[PDB]
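Engineer: Here it is, the structure in full.
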Amino acid sequence: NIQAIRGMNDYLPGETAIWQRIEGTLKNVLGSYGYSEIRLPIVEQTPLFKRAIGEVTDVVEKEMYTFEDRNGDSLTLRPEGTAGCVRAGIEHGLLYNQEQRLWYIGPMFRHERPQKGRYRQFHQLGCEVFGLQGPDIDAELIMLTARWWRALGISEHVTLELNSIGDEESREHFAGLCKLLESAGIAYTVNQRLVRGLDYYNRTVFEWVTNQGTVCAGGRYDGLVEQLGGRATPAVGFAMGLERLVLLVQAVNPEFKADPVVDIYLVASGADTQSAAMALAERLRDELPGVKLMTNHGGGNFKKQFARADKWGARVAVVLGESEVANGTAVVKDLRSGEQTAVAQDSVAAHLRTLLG
Amino acid sequence: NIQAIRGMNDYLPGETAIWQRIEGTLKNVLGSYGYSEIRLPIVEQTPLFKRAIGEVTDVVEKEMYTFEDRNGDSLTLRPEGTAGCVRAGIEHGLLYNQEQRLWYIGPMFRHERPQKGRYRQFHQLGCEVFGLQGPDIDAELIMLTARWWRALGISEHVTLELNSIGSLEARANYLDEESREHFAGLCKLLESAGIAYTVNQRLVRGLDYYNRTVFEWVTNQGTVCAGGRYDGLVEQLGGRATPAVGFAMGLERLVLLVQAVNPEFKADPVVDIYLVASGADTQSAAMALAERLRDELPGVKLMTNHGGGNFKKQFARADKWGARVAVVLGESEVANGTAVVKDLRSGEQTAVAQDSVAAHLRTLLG
Ligand SMILES: Nc1ncnc2c1ncn2[C@@H]1O[C@H](COP(=O)(O)OC(=O)[C@@H](N)Cc2c[nH]c[nH+]2)[C@@H](O)[C@H]1O
Ligand SMILES: Nc1ncnc2c1ncn2[C@@H]1O[C@H](COP(=O)(O)OC(=O)[C@@H](N)Cc2c[nH]c[nH+]2)[C@@H](O)[C@H]1O
């Protein structure tokens, strides 16, 4: 058996269920603010990360996954996604004299020693807005994170740190920023030693910390579009570690369940019943949009098939043996109470609607 | 300025909206069959691919992105996802004497020459079912793909090719009665469902782990979805023998095919309401009314103008985003507790009390 590269995790069926609920919530809250999705390559050229994050940084100094391509070109698996974003923005023409409100989700890679919060393949959701300069947009992004925390019920577990690393212009801009948050009741701490670990930020720097600590981090980087070869454009954004979010919800929120995988299990036994079973299932799929129905396969006597229905968390089992098939019926069994009734096939969909919701 | 690696694409805002509409439909139809999502690493050890896919195959021979790790270990960006799936299944204990019906979505990487169907970073959605043997689950998976095509409206544009390549023994003699029975049973299930298929005897797949059922859904770079059975692979990579069947589909080729054959499969506009706001110290009021209307209209796309701009600029910005309605806020509205509601489609603008704006928008949108 081959095993997994250390620090690269698999997310098994039970836990992805939770992952899909939290992502759906996050994308919804981004949708209500009018932010569009951009999808960017996993691999970029190594000079981008060297030129944008900075040469004397732990990321470039010791963390990147770099390798030589079949044409000599060095390629690096992205360690963060902002550089890639700016790059595509410049390349495609999306940023000059334009405003963009964007978000992205995907894997990032860093060769760090794995410990509980830190991984080699980890996933980030991040936002980047281009074209807005003043403190107002920076306050809209902090308002956006605050909403996500309310929505995931973790609000009384995340602290906001802020400060400027720029200066008159930056004293004014940071102050106006601080004024917008007071006037919204967002509680923040000005922490003068909060400099971030990447060298492209300038005025606003912030971090939402829990008590590996930082759950979300971001800031402003007004110069980076020009540095990577484009026209000067103001830009701000952040990225959050979806691994640490998932962990914090699950810990602070215990009663965060997700939807079970099967609702109705199609039990079927007897000679040549399986085409009938699969045909009934396809019809019930047409009739009950968005019902998780699973067709028993590989035989098994009724006792086995009913226990399999219990394994998946089915609430109702539709049964069919030869009799049902010849008589045009289907037996509907409410697995919660045992009450089973024979219904005509034409009427089973309505009988399930009643039993499920 | 740096550019993108040749054969690796960026999907910009306009096209990603189409991409989410097609993926929601696919995931919905998989959920109706009770299929669970699994998430797997993008980099695996190189021997996995060599062992599973086969040494003398074009993927191992000339396509993989391999590189050396800081400890000597050879690592390879995955070129396909089935190997990683079985590896995780065996490593975690999911497959022995169990039934799993899984799916996965993500990037695969192959060093090959850029074409219209072929890229170097591509994305697949694939399904893996473990524990079921007979032809009936193979027929469930071909039924699942047919439903997707009806749902995406591309049904009259994709053809099904099917064939059995038997077992090692029959191949090494070169199906064999057990594979003739299994295949026949499979062809019987599809005819009884009205799924039209072609038995194409030259159809062998390009990976060497497959055994009885082999199939491809082809359009007229051709193959949009491809799969087959692989009853031995779990033991080959270290686990106990378990029957397994699955497929994978090239999401780039699907998105291309829907867009072509279904010209106006249209996506969501990304803003519904634009909040216009000018005048002295209006912006905190503007951002506060925006937050409140978000609580009051769940799932409306509302964007707050920022950076000033005169009303004329701000209304044109509303047009850029496809907003239907603009809610306006000058100094006057702030003091009088109002907000102006302007129906951008007709110009009709009324002043509404801020407590009554949400209801006025509900009426105007849907
Ligand atoms: N290894 C590892 N594991 C888990 N989570 C990890 C992680 N490395 C980072 N993170 C998470 O990501 C956020 C932010 O990471 P930083 O390296 O602190 O900063 C950035 O990536 C910037 N790109 C942010 C940005 C985007 N636009 C502007 N600025 C960590 O806090 C952690 O949760
Ligand atoms: N380069 C490139 N670009 C885009 N789409 C691409 C592509 N290379 C392949 N594809 C898409 O993937 C399917 C299948 O490709 P194959 O290399 O033929 O094989 C497989 O992936 C198997 N893993 C399938 C499987 C999974 N479980 C069981 N069997 C192509 O048809 C094309 O659409």
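Order determines the names: the first chain of the structure tokens is A, the second B, and so forth; residues in each chain are numbered 1 upward, and ligands are numbered 1 upward as they are shown.
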Got a sec: who's within 6 Å of residue 215 (chain A), counting only C-alpha atoms, leaving out chain neighbours fewer than 2 positions off, as a PDB file with N, CA and C atoms, in the first residue's frame?
Structural biologist:
ATOM      1  N   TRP A 208      -8.227  38.262  11.833  1.00  0.00           N
ATOM      2  CA  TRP A 208      -9.297  37.825  12.724  1.00  0.00           C
ATOM      3  C   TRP A 208      -8.694  36.627  13.404  1.00  0.00           C
ATOM      4  N   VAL A 209      -8.598  36.671  14.716  1.00  0.00           N
ATOM      5  CA  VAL A 209      -7.876  35.654  15.464  1.00  0.00           C
ATOM      6  C   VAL A 209      -8.854  34.917  16.355  1.00  0.00           C
ATOM      7  N   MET A 240      -8.847  33.281   4.068  1.00  0.00           N
ATOM      8  CA  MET A 240      -9.138  32.600   5.300  1.00  0.00           C
ATOM      9  C   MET A 240      -8.838  31.145   5.138  1.00  0.00           C
ATOM     10  N   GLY A 241      -8.362  30.529   6.202  1.00  0.00           N
ATOM     11  CA  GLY A 241      -8.022  29.122   6.175  1.00  0.00           C
ATOM     12  C   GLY A 241      -9.241  28.288   6.439  1.00  0.00           C
ATOM     13  N   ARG A 244      -9.231  25.832   9.371  1.00  0.00           N
ATOM     14  CA  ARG A 244      -9.364  26.361  10.712  1.00  0.00           C
ATOM     15  C   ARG A 244     -10.810  26.816  10.975  1.00  0.00           C
TER      16      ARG A 244
END
Engineer: Give me, as a tab-separated table, each residue of chain B that comes within 7 Å of ligand 2, together with its shortest interatomic pair and the distance in Å at one decimal, counting only C-alpha atoms and all ligand atoms, with rows ordered by chain and rising residue number.
Structural biologist:
residue	atom	partner	partner_atom_place_in_ligand_line	distance
B:80	CA	ligand 2	21 (O)	4.9
B:81	CA	ligand 2	23 (N)	6.0
B:82	CA	ligand 2	27 (N)	5.0
B:110	CA	ligand 2	1 (N)	5.8
B:112	CA	ligand 2	1 (N)	6.6
B:117	CA	ligand 2	4 (C)	5.5
B:118	CA	ligand 2	3 (N)	3.5
B:119	CA	ligand 2	3 (N)	4.2
B:120	CA	ligand 2	1 (N)	5.4
B:121	CA	ligand 2	3 (N)	7.0
B:122	CA	ligand 2	3 (N)	4.9
B:123	CA	ligand 2	5 (N)	6.8
B:124	CA	ligand 2	12 (O)	6.4
B:126	CA	ligand 2	26 (C)	6.0
B:127	CA	ligand 2	27 (N)	6.5
B:128	CA	ligand 2	27 (N)	6.2
B:205	CA	ligand 2	18 (O)	6.7
B:206	CA	ligand 2	18 (O)	5.9
B:207	CA	ligand 2	19 (O)	6.6
B:223	CA	ligand 2	31 (O)	4.4
B:224	CA	ligand 2	33 (O)	4.1
B:225	CA	ligand 2	31 (O)	4.8
B:226	CA	ligand 2	31 (O)	4.9
B:227	CA	ligand 2	29 (N)	3.9
B:228	CA	ligand 2	29 (N)	5.4
B:229	CA	ligand 2	28 (C)	6.9
B:245	CA	ligand 2	28 (C)	6.4
B:246	CA	ligand 2	28 (C)	4.2
B:247	CA	ligand 2	26 (C)	4.0
B:248	CA	ligand 2	26 (C)	4.6
B:249	CA	ligand 2	33 (O)	5.0
B:250	CA	ligand 2	33 (O)	3.6
B:252	CA	ligand 2	4 (C)	6.1
B:253	CA	ligand 2	33 (O)	6.1
Engineer: Store the residues picked out above in a file with C-alpha atoms, as a JSON list (two decimals), in the first residue's frame.
Structural biologist:
[["chain", "number", "residue", "atom", "x", "y", "z"],
["B", 80, "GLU", "CA", -6.42, 11.11, -13.11],
["B", 81, "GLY", "CA", -8.30, 10.55, -9.82],
["B", 82, "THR", "CA", -9.16, 6.82, -9.57],
["B", 110, "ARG", "CA", -1.26, 16.19, -17.98],
["B", 112, "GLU", "CA", 0.37, 17.30, -23.46],
["B", 117, "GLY", "CA", -10.35, 19.55, -26.16],
["B", 118, "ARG", "CA", -6.92, 19.17, -24.45],
["B", 119, "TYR", "CA", -5.31, 21.37, -21.81],
["B", 120, "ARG", "CA", -2.51, 20.76, -19.27],
["B", 121, "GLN", "CA", -4.59, 21.57, -16.20],
["B", 122, "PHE", "CA", -8.06, 20.19, -16.81],
["B", 123, "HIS", "CA", -10.89, 19.34, -14.42],
["B", 124, "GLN", "CA", -12.78, 16.12, -13.94],
["B", 126, "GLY", "CA", -15.91, 11.31, -11.66],
["B", 127, "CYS", "CA", -17.73, 8.52, -9.87],
["B", 128, "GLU", "CA", -16.44, 5.48, -8.07],
["B", 205, "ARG", "CA", -9.45, 2.28, -22.88],
["B", 206, "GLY", "CA", -6.00, 3.96, -22.54],
["B", 207, "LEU", "CA", -5.29, 2.93, -18.91],
["B", 223, "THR", "CA", -15.01, 11.80, -25.70],
["B", 224, "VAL", "CA", -16.84, 13.75, -23.04],
["B", 225, "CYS", "CA", -17.09, 11.06, -20.39],
["B", 226, "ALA", "CA", -15.21, 7.74, -20.15],
["B", 227, "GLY", "CA", -15.05, 4.80, -17.67],
["B", 228, "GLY", "CA", -15.16, 1.05, -17.09],
["B", 229, "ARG", "CA", -14.77, -1.70, -14.47],
["B", 245, "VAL", "CA", -16.70, 0.39, -11.43],
["B", 246, "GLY", "CA", -16.61, 4.14, -12.18],
["B", 247, "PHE", "CA", -16.16, 6.92, -14.77],
["B", 248, "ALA", "CA", -14.86, 10.48, -15.17],
["B", 249, "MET", "CA", -15.94, 13.36, -17.35],
["B", 250, "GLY", "CA", -14.09, 16.29, -18.71],
["B", 252, "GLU", "CA", -14.16, 21.50, -20.06],
["B", 253, "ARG", "CA", -15.64, 19.47, -22.87]]
Engineer: Can you pull out the residues contacting residue 308 (chain A)? Cut-off 12 Å, using only C-alpha atoms, and skip same-chain residues under 2 positions away; I want them as a ChimeraX atom specification.
Structural biologist: /A:262,264-267,294-306,310-315,317,335 /B:98-100
Engineer: Dump C-alpha atoms for the selected residues as a PDB file, in the first residue's frame?
Structural biologist:
ATOM      1  CA  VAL A 262     -30.032   9.000   1.600  1.00  0.00           C
ATOM      2  CA  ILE A 264     -35.465   6.855   0.479  1.00  0.00           C
ATOM      3  CA  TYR A 265     -33.985   3.380  -0.024  1.00  0.00           C
ATOM      4  CA  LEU A 266     -35.394   1.211  -2.838  1.00  0.00           C
ATOM      5  CA  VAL A 267     -35.450  -2.427  -1.528  1.00  0.00           C
ATOM      6  CA  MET A 294     -30.735   4.901  -3.430  1.00  0.00           C
ATOM      7  CA  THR A 295     -31.498   1.659  -5.303  1.00  0.00           C
ATOM      8  CA  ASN A 296     -30.365  -1.517  -3.547  1.00  0.00           C
ATOM      9  CA  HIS A 297     -28.063  -3.529  -5.861  1.00  0.00           C
ATOM     10  CA  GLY A 298     -26.373  -6.901  -5.698  1.00  0.00           C
ATOM     11  CA  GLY A 299     -29.360  -8.741  -4.241  1.00  0.00           C
ATOM     12  CA  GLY A 300     -29.492  -9.484  -0.546  1.00  0.00           C
ATOM     13  CA  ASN A 301     -32.552 -10.724   1.274  1.00  0.00           C
ATOM     14  CA  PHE A 302     -34.999  -8.190   2.687  1.00  0.00           C
ATOM     15  CA  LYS A 303     -33.440  -8.244   6.136  1.00  0.00           C
ATOM     16  CA  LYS A 304     -30.011  -7.319   4.689  1.00  0.00           C
ATOM     17  CA  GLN A 305     -31.489  -4.670   2.421  1.00  0.00           C
ATOM     18  CA  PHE A 306     -33.403  -3.099   5.399  1.00  0.00           C
ATOM     19  CA  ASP A 310     -30.475   1.940   8.217  1.00  0.00           C
ATOM     20  CA  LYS A 311     -26.713   2.303   7.459  1.00  0.00           C
ATOM     21  CA  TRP A 312     -27.453   5.173   5.047  1.00  0.00           C
ATOM     22  CA  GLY A 313     -29.990   6.927   7.312  1.00  0.00           C
ATOM     23  CA  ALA A 314     -32.966   6.362   5.047  1.00  0.00           C
ATOM     24  CA  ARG A 315     -36.321   7.324   6.615  1.00  0.00           C
ATOM     25  CA  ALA A 317     -37.981   2.182   2.203  1.00  0.00           C
ATOM     26  CA  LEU A 335     -38.719   3.036   8.681  1.00  0.00           C
TER      27      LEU A 335
ATOM     28  CA  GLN B  98     -18.219  -2.259   2.377  1.00  0.00           C
ATOM     29  CA  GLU B  99     -20.184  -0.526  -0.373  1.00  0.00           C
ATOM     30  CA  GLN B 100     -19.267   3.039  -1.271  1.00  0.00           C
TER      31      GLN B 100
END
Engineer: Could you list, as a PyMOL selection string, all residues that come within 8 Å of ligand 1? Count only C-alpha atoms and all ligand atoms.
Structural biologist: chain A and resi 59+79-83+109-112+114+117-124+126-128+196-198+201+207+212-221+236-245
Engineer: May I have the residues within 8 Å of residue 162 (chain B) as a short mmCIF file (atom, residue, chain, number, x, y, z; two decimals) with N, CA and C atoms, in the first residue's frame, using only C-alpha atoms and disregarding those fewer than 6 positions away in the same chain?
Structural biologist:
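For reference, around_34.cif as written:
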data_model
loop_
_atom_site.label_atom_id
_atom_site.label_comp_id
_atom_site.auth_asym_id
_atom_site.auth_seq_id
_atom_site.Cartn_x
_atom_site.Cartn_y
_atom_site.Cartn_z
N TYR B 197 -27.24 2.09 -27.38
CA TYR B 197 -25.80 1.93 -27.28
C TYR B 197 -25.20 1.28 -28.52
N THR B 198 -23.89 1.38 -28.66
CA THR B 198 -23.15 0.81 -29.78
C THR B 198 -22.14 -0.15 -29.18
N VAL B 199 -22.08 -1.40 -29.62
CA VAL B 199 -21.03 -2.28 -29.14
C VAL B 199 -19.90 -2.06 -30.12
N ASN B 200 -18.81 -1.48 -29.66
CA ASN B 200 -17.68 -1.21 -30.51
C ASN B 200 -16.54 -2.06 -29.99
N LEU B 203 -13.08 -0.83 -28.83
CA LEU B 203 -12.99 0.08 -27.71
C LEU B 203 -12.27 -0.60 -26.57
N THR B 213 -16.60 -4.28 -18.25
CA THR B 213 -17.30 -3.17 -18.88
C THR B 213 -16.36 -2.04 -19.22
N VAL B 214 -16.44 -1.57 -20.46
CA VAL B 214 -15.66 -0.44 -20.87
C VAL B 214 -16.62 0.37 -21.71
N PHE B 215 -16.67 1.69 -21.48
CA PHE B 215 -17.63 2.53 -22.18
C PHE B 215 -17.13 3.96 -22.33
N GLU B 216 -17.66 4.68 -23.30
CA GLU B 216 -17.30 6.06 -23.54
C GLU B 216 -18.51 6.76 -24.10
#
Engineer: Taking the backbone alone, and naming residues the way the document does, which bits of region 28-196 of chain B are helix (DSSP H, G or I) by DSSP, as a compact mmCIF listing (two decimals) with N, CA and C atoms, in the first residue's frame?
Structural biologist:
# COMPACT_ATOMS: atom_id res chain seq x y z
N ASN B 28 -26.52 17.99 -8.09
CA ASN B 28 -27.89 17.77 -7.72
C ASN B 28 -28.34 16.39 -8.13
N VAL B 29 -28.14 16.07 -9.40
CA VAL B 29 -28.46 14.75 -9.93
C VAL B 29 -27.63 13.65 -9.23
N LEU B 30 -26.42 13.90 -8.71
CA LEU B 30 -25.66 12.86 -8.01
C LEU B 30 -26.22 12.63 -6.63
N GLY B 31 -26.60 13.72 -5.95
CA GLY B 31 -27.32 13.68 -4.68
C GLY B 31 -28.65 12.89 -4.79
N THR B 46 4.72 9.15 -6.88
CA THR B 46 4.79 8.63 -8.26
C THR B 46 4.56 7.14 -8.48
N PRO B 47 5.00 6.24 -7.58
CA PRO B 47 4.77 4.79 -7.76
C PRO B 47 3.32 4.39 -7.83
N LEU B 48 2.42 5.15 -7.21
CA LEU B 48 0.99 4.86 -7.27
C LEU B 48 0.51 4.89 -8.70
N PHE B 49 0.89 5.93 -9.43
CA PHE B 49 0.44 6.09 -10.77
C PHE B 49 1.05 5.04 -11.65
N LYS B 50 2.36 4.83 -11.48
CA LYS B 50 3.08 3.82 -12.25
C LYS B 50 2.42 2.46 -12.01
N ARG B 51 2.08 2.13 -10.76
CA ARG B 51 1.55 0.83 -10.41
C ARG B 51 0.12 0.65 -10.88
N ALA B 52 -0.71 1.67 -10.69
CA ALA B 52 -2.11 1.59 -11.04
C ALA B 52 -2.36 1.75 -12.52
N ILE B 53 -1.90 2.85 -13.13
CA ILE B 53 -2.27 3.14 -14.52
C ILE B 53 -1.57 2.24 -15.53
N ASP B 58 0.61 5.86 -22.38
CA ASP B 58 1.00 7.22 -22.72
C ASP B 58 1.05 8.16 -21.51
N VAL B 59 0.19 7.96 -20.51
CA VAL B 59 0.18 8.82 -19.34
C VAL B 59 1.46 8.65 -18.54
N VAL B 60 1.85 7.41 -18.26
CA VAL B 60 3.04 7.23 -17.44
C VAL B 60 4.30 7.48 -18.30
N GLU B 61 4.26 6.96 -19.53
CA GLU B 61 5.31 7.08 -20.53
C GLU B 61 5.64 8.53 -20.79
N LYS B 62 4.66 9.39 -21.09
CA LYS B 62 5.00 10.76 -21.46
C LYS B 62 4.16 11.91 -20.91
N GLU B 63 3.20 11.71 -19.98
CA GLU B 63 2.38 12.84 -19.57
C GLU B 63 2.44 13.39 -18.18
N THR B 82 -8.79 8.14 -10.09
CA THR B 82 -9.16 6.82 -9.57
C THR B 82 -8.13 6.15 -8.69
N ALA B 83 -6.87 6.33 -9.03
CA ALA B 83 -5.74 5.78 -8.30
C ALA B 83 -5.76 6.31 -6.86
N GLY B 84 -5.91 7.65 -6.73
CA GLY B 84 -5.95 8.37 -5.45
C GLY B 84 -7.16 7.96 -4.62
N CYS B 85 -8.27 7.70 -5.31
CA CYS B 85 -9.48 7.28 -4.66
C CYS B 85 -9.23 5.94 -4.00
N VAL B 86 -8.84 4.91 -4.77
CA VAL B 86 -8.60 3.59 -4.20
C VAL B 86 -7.55 3.68 -3.10
N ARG B 87 -6.48 4.47 -3.29
CA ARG B 87 -5.43 4.64 -2.29
C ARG B 87 -5.99 5.15 -0.98
N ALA B 88 -6.87 6.14 -1.03
CA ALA B 88 -7.45 6.66 0.19
C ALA B 88 -8.40 5.67 0.84
N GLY B 89 -9.08 4.87 0.02
CA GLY B 89 -10.04 3.89 0.46
C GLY B 89 -9.35 2.81 1.25
N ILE B 90 -8.31 2.23 0.68
CA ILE B 90 -7.48 1.25 1.37
C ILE B 90 -6.80 1.88 2.60
N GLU B 91 -6.19 3.07 2.48
CA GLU B 91 -5.47 3.67 3.59
C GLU B 91 -6.36 3.99 4.79
N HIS B 92 -7.64 4.30 4.55
CA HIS B 92 -8.54 4.69 5.60
C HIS B 92 -9.45 3.60 6.09
N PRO B 135 -23.80 -6.64 -13.42
CA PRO B 135 -23.97 -5.54 -14.37
C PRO B 135 -24.92 -4.43 -13.95
N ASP B 136 -25.76 -4.66 -12.94
CA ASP B 136 -26.79 -3.72 -12.51
C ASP B 136 -26.25 -2.40 -12.00
N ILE B 137 -25.14 -2.37 -11.27
CA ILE B 137 -24.59 -1.09 -10.87
C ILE B 137 -23.94 -0.38 -12.06
N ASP B 138 -23.44 -1.12 -13.06
CA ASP B 138 -22.83 -0.53 -14.25
C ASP B 138 -23.95 0.14 -15.02
N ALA B 139 -25.11 -0.51 -15.01
CA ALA B 139 -26.27 0.09 -15.62
C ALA B 139 -26.77 1.29 -14.83
N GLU B 140 -26.66 1.31 -13.50
CA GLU B 140 -27.04 2.51 -12.76
C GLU B 140 -26.18 3.71 -13.17
N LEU B 141 -24.85 3.51 -13.30
CA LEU B 141 -23.97 4.59 -13.70
C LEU B 141 -24.24 5.06 -15.11
N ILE B 142 -24.58 4.19 -16.07
CA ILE B 142 -24.91 4.69 -17.39
C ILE B 142 -26.26 5.41 -17.37
N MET B 143 -27.20 4.99 -16.50
CA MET B 143 -28.46 5.72 -16.27
C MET B 143 -28.25 7.13 -15.68
N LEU B 144 -27.28 7.25 -14.76
CA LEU B 144 -26.89 8.50 -14.14
C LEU B 144 -26.36 9.45 -15.18
N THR B 145 -25.47 9.02 -16.11
CA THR B 145 -24.97 9.98 -17.09
C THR B 145 -26.08 10.39 -18.05
N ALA B 146 -26.97 9.48 -18.45
CA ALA B 146 -28.08 9.84 -19.32
C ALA B 146 -28.96 10.90 -18.71
N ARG B 147 -29.18 10.84 -17.40
CA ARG B 147 -30.00 11.86 -16.76
C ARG B 147 -29.31 13.21 -16.81
N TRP B 148 -28.01 13.26 -16.58
CA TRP B 148 -27.29 14.52 -16.74
C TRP B 148 -27.53 15.11 -18.13
N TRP B 149 -27.47 14.32 -19.19
CA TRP B 149 -27.60 14.90 -20.53
C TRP B 149 -28.98 15.46 -20.80
N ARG B 150 -30.01 14.80 -20.27
CA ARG B 150 -31.38 15.30 -20.37
C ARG B 150 -31.44 16.60 -19.61
N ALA B 151 -30.86 16.65 -18.39
CA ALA B 151 -30.85 17.85 -17.56
C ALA B 151 -30.08 19.00 -18.17
N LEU B 152 -28.99 18.74 -18.88
CA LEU B 152 -28.28 19.82 -19.52
C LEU B 152 -28.76 20.08 -20.93
N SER B 155 -28.71 15.72 -24.67
CA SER B 155 -29.08 14.34 -24.97
C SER B 155 -28.97 13.93 -26.42
N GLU B 156 -29.50 14.72 -27.34
CA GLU B 156 -29.43 14.35 -28.75
C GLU B 156 -28.06 14.70 -29.34
N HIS B 157 -26.95 14.49 -28.65
CA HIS B 157 -25.64 14.89 -29.14
C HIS B 157 -24.55 14.08 -28.51
N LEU B 168 -7.89 -10.95 -17.51
CA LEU B 168 -6.49 -11.11 -17.92
C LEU B 168 -6.36 -12.32 -18.83
N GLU B 169 -6.87 -13.45 -18.39
CA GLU B 169 -6.80 -14.68 -19.14
C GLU B 169 -7.29 -14.54 -20.55
N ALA B 170 -8.45 -13.98 -20.79
CA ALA B 170 -8.95 -13.86 -22.15
C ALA B 170 -8.08 -12.92 -22.97
N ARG B 171 -7.59 -11.86 -22.35
CA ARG B 171 -6.72 -10.92 -23.03
C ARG B 171 -5.39 -11.57 -23.38
N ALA B 172 -4.76 -12.25 -22.42
CA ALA B 172 -3.52 -12.99 -22.62
C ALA B 172 -3.68 -14.10 -23.66
N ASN B 173 -4.88 -14.64 -23.89
CA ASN B 173 -5.11 -15.59 -24.98
C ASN B 173 -5.17 -14.83 -26.29
N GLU B 177 -16.82 -16.87 -20.87
CA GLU B 177 -18.23 -16.96 -20.53
C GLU B 177 -18.74 -16.09 -19.41
N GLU B 178 -18.01 -15.94 -18.31
CA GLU B 178 -18.47 -15.07 -17.26
C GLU B 178 -18.54 -13.63 -17.72
N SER B 179 -17.63 -13.17 -18.57
CA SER B 179 -17.70 -11.81 -19.08
C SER B 179 -18.72 -11.70 -20.20
N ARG B 180 -19.06 -12.80 -20.88
CA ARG B 180 -20.10 -12.76 -21.91
C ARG B 180 -21.46 -12.67 -21.25
N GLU B 181 -21.70 -13.44 -20.19
CA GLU B 181 -22.90 -13.32 -19.38
C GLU B 181 -23.04 -11.94 -18.75
N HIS B 182 -22.02 -11.46 -18.03
CA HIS B 182 -22.06 -10.12 -17.42
C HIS B 182 -22.35 -9.05 -18.46
N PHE B 183 -21.70 -9.10 -19.62
CA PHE B 183 -21.89 -8.08 -20.62
C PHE B 183 -23.30 -8.13 -21.15
N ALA B 184 -23.78 -9.35 -21.40
CA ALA B 184 -25.11 -9.56 -21.97
C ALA B 184 -26.18 -9.01 -21.04
N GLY B 185 -26.08 -9.36 -19.74
CA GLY B 185 -26.97 -8.86 -18.71
C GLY B 185 -26.96 -7.35 -18.74
N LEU B 186 -25.76 -6.74 -18.85
CA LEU B 186 -25.65 -5.30 -18.95
C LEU B 186 -26.38 -4.77 -20.17
N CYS B 187 -26.16 -5.34 -21.34
CA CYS B 187 -26.86 -4.88 -22.52
C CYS B 187 -28.38 -5.03 -22.41
N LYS B 188 -28.85 -6.06 -21.69
CA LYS B 188 -30.27 -6.29 -21.42
C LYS B 188 -30.85 -5.17 -20.55
N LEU B 189 -30.18 -4.75 -19.47
CA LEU B 189 -30.66 -3.65 -18.64
C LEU B 189 -30.82 -2.34 -19.43
N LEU B 190 -29.89 -2.02 -20.34
CA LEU B 190 -29.97 -0.77 -21.07
C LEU B 190 -31.08 -0.76 -22.10
N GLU B 191 -31.29 -1.87 -22.81
CA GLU B 191 -32.35 -1.97 -23.80
C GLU B 191 -33.67 -1.80 -23.10
Engineer: Tell me which protein, DNA and RNA residues are within 10 Å of residue 271 (chain B), counting only C-alpha atoms, leaving out same-chain ones fewer than 4 positions away, and put them as a ChimeraX atom specification.
Structural biologist: /A:31-36 /B:300-303,318-325
Engineer: Find the spatial neighbours of residue 70 (chain A), counting only C-alpha atoms, within a cut-off of 12 Å - ignore same-chain residues fewer than 4 positions away - and output them as a ChimeraX atom specification.
Structural biologist: /A:74-75 /B:62-67,111-112
Engineer: Identify, on the basis of only C-alpha atoms, every residue whose closest approach to residue 326 (chain B) does not exceed 7 Å; exclude the query and any residue fewer than 5 positions from it along the same chain; express the result as number ranges by chain.
Structural biologist: B: 273-276, 341-344
